[PDB]
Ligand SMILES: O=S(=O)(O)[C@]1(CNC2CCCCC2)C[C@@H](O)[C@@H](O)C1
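Take a look at this single chain in C-alpha cells; it is the form solved without this ligand.
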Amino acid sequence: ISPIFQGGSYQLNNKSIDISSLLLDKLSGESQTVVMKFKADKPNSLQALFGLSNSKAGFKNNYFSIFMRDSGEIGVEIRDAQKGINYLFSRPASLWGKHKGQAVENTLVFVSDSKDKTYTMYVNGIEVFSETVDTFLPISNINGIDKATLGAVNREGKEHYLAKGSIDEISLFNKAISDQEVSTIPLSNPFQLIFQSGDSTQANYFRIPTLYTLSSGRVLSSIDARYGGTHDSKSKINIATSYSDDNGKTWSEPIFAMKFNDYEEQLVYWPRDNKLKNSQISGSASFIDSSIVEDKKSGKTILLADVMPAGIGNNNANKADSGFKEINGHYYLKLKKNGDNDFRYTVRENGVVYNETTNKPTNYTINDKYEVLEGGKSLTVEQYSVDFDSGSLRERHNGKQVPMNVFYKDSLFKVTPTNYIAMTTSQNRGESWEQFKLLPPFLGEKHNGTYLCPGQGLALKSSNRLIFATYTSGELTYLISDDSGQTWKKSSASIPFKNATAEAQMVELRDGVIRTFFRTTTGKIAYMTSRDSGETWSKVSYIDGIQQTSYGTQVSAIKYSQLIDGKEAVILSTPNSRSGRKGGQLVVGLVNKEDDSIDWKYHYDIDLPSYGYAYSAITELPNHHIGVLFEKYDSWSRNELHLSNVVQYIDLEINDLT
C-alpha cells in the first residue's frame, strides 16, 4: 500500500517541526508503519526524531516517540497514563553517524502491529528488536493525542528531547507491513555483513573478526560464531569462515573451520534483561579466538583457535595443568574415564588409549576427530539443546546421537578441563577445512596453554617462517614454524604485566624486522621489536597519541604495500578512548628508516567518537583498498551484550584515511 503521509528534507536544528495538520487526521486503525531516512552526525545526548503526543497540561506521559542516544542506541516509548501503559523498547549500537567523514543516511522502519500485538524496529536492514505485549497500545490510540512532531516531543506545550540532525524522508502507513515488504525498502548502508543472524552458522551472535588476503587475491575471514549470547566461553562457540573473490564486494556463505556437535547449532534470542542476561550455556565444548596465516611453500591456509572442553572458559580453566603428560621427551594428551577420580589414561601413538596405572593399552582409541572408538566401533552421546521456555536457561537432551568426543560432558573419556590451542588447515583457500589437531604444550607439563592472539599470524615475506603470537602471564609466547606448520617452537618475550590479556598483532617493517603491537592494562597500546625474524625480542615501548581503557582492546595492524608521503606505512585499527570501546580509528604511521620509529601522522575516524568500536580486523585488499571487519559496539559494556549484526565490514581507500 501507499503512504498516508510522506515528507522530506527536514532539518532538525534544536527546533521541532509541527506536522500535526498534515498527519494526525490521516492516522486510522490500530496498526502503523513508520519509515524514516535520517542523518545525525552530531546528535544531542538524548533526542526524539519523531513524536505523537498529547500536548495538554496534565498529560505529559501520553505520547509515542522514536528516540536515539549519542551512544547509537535507538528506541521507542509508547505511553498512556489513563491506560497505565509505559512501554520502552530499545537497542544499543543500532546506528551509523559518519562514513568517510560524511553523514550517513540511516534507514529506520518501525512496525506497530495490533493483530500480533508486536512492535518491531529495523535500522539499516537489521532487526534490532521485536517485542510482543499482552496489552497492545496502538501508537495513535494514546488518549488525547493532538500533536505530530519531528525532532522533539511536545509535552505540556514544551519541546522535550530536542534533536540535532535531519530527516531526509519520512512515510507513514496505516498497515503493519510484512517482514518481506520491509526487505524491499531501499537502503543506503555504509557497511556490509559477512556473517549474520540466520546464515549457515545458525549463530545469532558473532565476535572476534579476522581478515587475511591470500596470494590468489581471495580475501578470507574467520570469526567466533557465538550461540549462547555474546559471552566468552563457557558457551557454545564454533569458528566460521567466509571468503570474497571480488575485493570484498561479495562474500561466500559461511562454513565451519572448527565445530563441536555436543550441543545443537541453535539461533537463540538471548535475554537482555538484568536478571537473565548472564545466563550462560554451561555444558558445551567450544572454540574461541581464531587466527589465520597463509604458507607460501605449501600454499596451505592455516587457522588456529583456542579450544575449551565442556563447561570451560578462562574463568575456570585448570591453570597449572597443560593437559599433557611427558613420557620420554614426548607429550601425550591425558584422559579421565567415567568414575575415576584421577586421569589414569593417555592418548599415545595411533590414538591408542593407554592406562598409566598398569602401563596397559586398552581397547579404546581416539580417532582424528578426537572421537572415542571401542574396538573400532564409534561410540556416541546424546546431543543437548537449550531453551528459555521455563523462564530460565535449560540445557537438555534432544534425542539425537552424535559421535562421542573427548571434549564433551557426556564422554566416557574426558580431557583435562583447561584451554588448548588447535590447528586446522585448508588446501583450497577456505572452501573446506581439515579436522583440527591440538598443538603440544610449549611452557611445560605443569603450565596451562597460552592464549591465541586473534587476527592474523605472520608469514615472513623473505622466508618460509610462520609466526602466531599467543599470550600468557608475564610474556608473549610466539609460536614459530619453518615447515608449513608441521612443527612449532616457542620464542618467549617478557612483558612487564601479570595476567594481562596481551592480545598482540605483528607487522614486518622490512625483511626480518617485526614490530608487534599489543593490548595492555596501562591505557596505552604497547609494542616490541624483533630484528631476527622472531628469535629474540626488544623491551616494551608504548604508543603516545592513542588512548585505550584500563582493560584494553584488541588492536589489528598491517604493513601497507605502498608508500605514503614517500615513506613506508603501517596502519593500526583500534578504539581511541580512555572511557569505553568507542571512537574507532585507523591510524596511519610512517616509518622513520633511520631508526624504525613510527610517526603516527593520520587518524581516520571510522564513525563518531561516541559510537561503538571494539575488536577489529584489517587487511590490504588486492586492489590496495583497505577492508575492515569490526565489532561496531562496546563489547565490554554490560549494557550491550547479545546484539545481532553488529560485526560489520567496510571498504576504505588510503585517500579516505589521509
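Just count from 1 along the sequence shown to find any residue number.
Unshown form solved in complex with this ligand; subsequent notes refer to it.
Whether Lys98, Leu608 and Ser610 jointly form a contact site for this ligand in the deposited bound form is the question; each needs a heavy atom within 4.5 Å. No, none of the three is in contact.
Where, among 423-431, 168-176, 455-463, 332-340, do residues come within 4.5 Å of this ligand in the deposited bound form by heavy atom distance? In short, 455-463.
is_contact(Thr213, this ligand) in the deposited bound form, heavy atom dist at most 4.5 Å: Yes.
Can you tell me whether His624 touches this ligand? I mean in the deposited bound form, with a 4.5 angstroms heavy atom cut-off. Judged by the heavy-atom cut-off of 4.5 Å, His624 is in contact with this ligand in the deposited bound form.
Would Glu620 count as touching this ligand in the deposited bound form under a 4.5 Å heavy atom rule? Output for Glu620 is yes: heavy atoms within 4.5 Å of this ligand.
Please run the contact check for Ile558 against this ligand in the deposited bound form: heavy atoms, 4.5 angstroms, yes or no? Because a heavy atom of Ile558 falls inside 4.5 Å of this ligand in the deposited bound form, the answer is yes.
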